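One letter stands for each residue in the lines below.
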Number of protein chains: 4
Amino acid sequence: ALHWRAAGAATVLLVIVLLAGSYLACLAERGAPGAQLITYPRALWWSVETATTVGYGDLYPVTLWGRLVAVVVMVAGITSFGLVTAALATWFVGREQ
Amino acid sequence: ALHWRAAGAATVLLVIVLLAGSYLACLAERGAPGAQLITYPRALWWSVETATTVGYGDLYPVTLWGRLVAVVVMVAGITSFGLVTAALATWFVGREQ
Amino acid sequence: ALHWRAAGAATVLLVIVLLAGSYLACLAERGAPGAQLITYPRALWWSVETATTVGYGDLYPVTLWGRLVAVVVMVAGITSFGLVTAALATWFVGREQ
Amino acid sequence: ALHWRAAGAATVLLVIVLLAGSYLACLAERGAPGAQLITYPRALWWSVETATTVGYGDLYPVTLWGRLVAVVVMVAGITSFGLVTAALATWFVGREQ
Ligand SMILES: CCCC[N+](CCCC)(CCCC)CCCC
Ligand SMILES: *SCC1=CC(C)(C)N(O)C1(C)C
Ligand SMILES: *SCC1=CC(C)(C)N(O)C1(C)C
Ligand SMILES: [K+]
Ligand SMILES: [K+]
C-alpha cells in the first residue's frame, strides 16, 4: 500500500534530516561563541532532541546559519511525525468499515 | 481542493503571524529588565523556537504583554501544524477506494 | 455538531485546568526551596508554556505534589489539542462529498 | 471496539515504558559527570516531561547510553499520543452517518 509504506519510508527521511543538519549546523557553529555545538556528536544529539521538539536548552545554534538549519531539522521531525499520526488514523478507520 | 490547499495556505498564513508577535513582543519587552527580547532579529528566533513548541529557554519574554503575545504565538504554531496533520490524515483516507 | 463543538467546548475545559493547576501547584510549591512557583500569576505563565508543552525551563515544580499537578496539566495540553487536530481531520473529510 | 480499546491499551503500555527507561536510564547515568540522573525518582520526573515533548532543561543525561535511551523515550510519548489523536478523529467522524 502507501499510508503504510510511505510513512515507513519518510522516517528514513528523518535520519537524513538528522545526520545532515548535524554535520551541517556544526560547520556553521565551529568557530564562534557557539555553545557545545562546535562538536559533531554534540550536534547529532541536539537534532535528536530537537527532532522530538523537546528543547532542553543545554545547547543551541547561535550562528545565523546554524539557527536556520535548526528550523529545518525541527520541521523535519514534525512533518515526519504528523505522518505516523496520519497513517495511524487511516489504519484505525480501515477496520472501522 | 481544500484539505490540501487550505493547509498549503494556513502555513503561508502562520509565517506572517510569527512576524506579528515578533514586532509585537519586542516593543512590549524592549524597555525593561527583559532579556535579549529587545532586538528585533532575536525575537524572530524566539517566535520561531516558541511556535515549534521547543522552548530552549535561551530567550523568553518577561513583560505581561510580550507574554500574551507569546501565548498567541504558540497557539499559532500548534493549530497551523494540526492542519497539516489533518491534511495528511485525509489524503491517506483518499486512498481507501 | 460534535467533532466541531466538542472541540469548541473542550478548550474551555483546558482553560479551566490552567486556572486549576495554577492556583493548585502554587500552594504545593509555596513554602520550600521551590522556584518562583510560589506566586499565583507566576504559575499561570508556566501553564501556557506547560499546557502547550513548551518547556522554557525558566519555571518548574520540584515538590512531589507540585510535580503531580504539572503532569496532570500537560496531559490536558496535548489532549485538549489532539481534539482540535481531529476536529480538523474530519472537517477535511466532510467535503469528500 | 478497536480504535477505542487499542488506544486505551497503548496508554497503559506507555506508562509502563517510561518506568523501564527510568531505571534503565539512571544506571547508565549514575556514576559520572551526570546531572541529577543518579536518583531513581528524579528520572521519573525526567522521562515524564521528556516523553511529553516539553524539555524544560533542568536536567538532561549525557551518557551515550542514557541518551540513546532517551530518544527511545520521547518516541514513546509522541507515538502513544498520535494514537489518541487517530482514535479521537475516528470517533468524531463515525458520527456522520
Ligand atoms: C506528545 C506531545 C505532543 C508534542 N507535539 C507534537 C510532537 C511532535 C514531536 C508538539 C507539537 C509540534 C508541532 C504536540 C504539541 C502538543 C500541544
Ligand atoms: S521590537 C521593537 C524594535 C524597535 C526597533 C528599534 C524599530 N527595532 O528594530 C525593534 C523591532 C527591535
Ligand atoms: S537508578 C539506580 C538506582 C539504584 C537504586 C539504589 C536501586 N535506586 O533506587 C536507584 C533507582 C536510584
Ligand atoms: K513540545
Ligand atoms: K517542547
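Residues numbered from 1 in each chain as written, not as in the entry; some residues may be left out. Chains lettered and ligands numbered in written order. Heavy atoms only, no water. Residues with missing side-chain atoms left out of burial classes, pairs and counts.

## Remarks on the interface of chain A and chain D
Counting from both sides, the interface comprises 15 residues of chain A and, opposite them, 27 residues of chain D. Elements supplying a minimum of two residues to the side of chain A that touches chain D: α2 (40–51) and α3 (64–94) of chain A. In terms of residue count, the dominant contributor to the side of chain A that touches chain D is α3(A) (six residues). Residues that form the side of chain A that touches chain D fall into these classes: nine nonpolar, four polar and two charged. (Contact = heavy atoms within 4.5 Å. Helix = DSSP H or I, 4+ residues; strand = E, 2+ residues; numbered from the N terminus. Nonpolar A, V, L, I, M, F, W, Y, C, P; charged D, E, K, R; others polar.)

## Comments concerning the site of ligand 1
Close to ligand 1 lie 16 residues, the nearest being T53(A), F81(A), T52(D), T53(D) and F81(D). Surrounding ligand 1 is a set of residues that belongs to chains A, B, C and D. Relative to its unbound accessible area of 470 Å², ligand 1 is 88% covered by the protein chains. Of all the secondary structure elements, the ones that give two or more residues to the shell around ligand 1 are α3 of chain A, α3 (64–91) of chain C together with α3 (64–93) of chain D. The biggest single contributor to the shell around ligand 1 is α3(D), with three residues. Here the residues of the shell around ligand 1 are counted per class, giving seven nonpolar, nine polar and no charged. (Near = heavy atom within 4 Å. Areas by Shrake-Rupley, 256 points an atom, 1.4 Å probe, with all protein chains shown as cover.)

## Focus on the interface of chain B and chain C
Across the contact, 25 residues belong to chain B and 16 residues belong to chain C. Ranked by the residues each element gives to the side of chain B that touches chain C, the list is headed by helix α3 (residues 64–93) of chain B, at 12 residues. Tallied by class, residues from the side of chain B that touches chain C come to 15 nonpolar, nine polar and one charged.

## Considering the relation of the copies chain A and chain D
Once chain A has been moved 0.1 Å along the axis and rotated by 91°, it coincides with chain D to within an RMSD of 0.6 Å. In symmetry terms, the pair is related by a four-fold rotation axis. (Least-squares fit on C-alpha atoms.)

## Looking at the environment of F81(A)
Relative to the elements of secondary structure, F81(A) occurs in helix α3. Aside from chain neighbours lying at most four places away, what touches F81(A) is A51(A), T52(A) and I78(D).

## Some words on the packing of α3(B) against helix α2 (residues 40–51) of chain C
When two helices pack together, their arrangement is given by the angle between their axes and by how far apart the axes lie. The interhelical angle for the contact between α3(B) and α2(C), taken along N-to-C directions, is 15°, at an axis separation of 10 Å. Classified by the angle between their axes, α3(B) and α2(C) sit roughly parallel to one another. The interaxial crossing formed by α3(B) with α2(C) has left-handed handedness. On the side of α3(B), the interface is formed by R67(B), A70(B), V71(B) and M74(B), while α2(C) contributes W45(C), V48(C) and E49(C). Here the contact of α3(B) with α2(C) is built from residues that sort into five nonpolar, no polar and two charged. (Axes fitted to C-alpha atoms, helices over the stretch in contact; angles between N-to-C directions. Parallel < 35°, antiparallel > 145°, perpendicular 65-115°, else oblique. Left-handed = near helix turned anticlockwise from the far one by under 90°.)

## Notes on the site of ligand 3
Around ligand 3, the structure places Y23(D), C26(D), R30(D), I38(D), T39(D) and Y40(D). Taking 330 Å² as the accessible area of ligand 3 by itself, protein coverage stands at 52%.

## Comments concerning unusual backbone geometry
Residues other than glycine seldom take positive phi values, yet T53(A) does so here, at roughly 55°. Within the secondary structure, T53(A) sits in the loop between α2 and α3.

## Remarks on the coordination of the potassium ion (ligand 4)
The protein atoms that coordinate the potassium ion (ligand 4) are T53(A) (O), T53(B) (O), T53(B) (OG1), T53(C) (O), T53(D) (O) and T53(D) (OG1), at distances of 2.5 to 3.1 Å. Geometry at the potassium ion (ligand 4) is irregular, judged from its six donor atoms and the angles of 57 to 168° they form at the metal. Between the potassium ion (ligand 4) and the potassium ion (ligand 5) the interatomic distance comes to 2.4 Å, and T53(A) is a ligand of both metals. Pair noted here: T53(A) is in the loop between α2 and α3 and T53(C) is in the loop between α2 and α3, and the two residues belong to different chains. For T53(C), a relative accessible area of 9% gives the class buried. (Donors = N, O, S within 2.8 Å, 3.2 Å for Na, K, Ca; no water. Tetrahedral: all angles 85-135°; square planar, octahedral: opposite > 155°, others 65-115°. Buried < 20%, exposed > 50% of the residue type's maximum accessible area, 1.4 Å probe, protein only.)

## Thoughts on the UniProt feature "transmembrane region" in chain A
Residues and elements named next belong to chain A. Mapped onto this numbering, the UniProt entry gives "transmembrane region" at residues 6–28 and 66–89. Taken end to end, residues 6–28 comprises 87% helix and 0% strand; its first and last C-alpha atoms sit 32 Å apart. With 100% helix and 0% strand, residues 66–89 has its two end C-alpha atoms placed 35 Å apart. (UniProt positions renumbered as here; feature names shortened; annotations may be inferred.)

## Thoughts on the environment of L88(A)
One can find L88(A) in helix α3. Along the sequence, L88(A) and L64(A) sit 24 residues apart, while their C-alpha atoms lie 37 Å from each other. Setting aside its immediate chain neighbours within four residues, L88(A) contacts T79(D), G82(D), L83(D) and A86(D).

## So, the side chain of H3(A)
Residues and elements named next belong to chain A. Within the secondary structure layout, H3 lies in the segment before α1 (5–25). Separated by 3.5 Å, the side chain of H3 and the backbone oxygen of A87 make a polar contact. Here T90 takes part through its side chain, which lies 2.4 Å from a polar atom of the side chain of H3. (Polar contact = N/O pair within 3.5 Å; in protein donor to acceptor, adjacent residues only side chain to side chain.)

## Comments concerning the side chain of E29(C)
Residue and element names in this part refer to chain C. Structurally, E29 is set in the loop between α1 (7–28) and α2. For the buried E29, no salt bridge exists, and the shortest N-O distance to an oppositely charged side chain is 5.8 Å, to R67. Here the side chain of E29 touches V62 through a polar contact of 2.7 Å, landing on its backbone nitrogen. There is a polar contact of 2.8 Å between the side chain of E29 and the backbone nitrogen of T63. Look past the residues within four positions of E29 in its chain and what remains in contact with it is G34, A35, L37, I38, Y60, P61, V62, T63 and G66. (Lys, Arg positive; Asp, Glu negative; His and termini not counted. Salt bridge = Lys/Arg side-chain N within 4 Å of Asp/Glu carboxyl O.)

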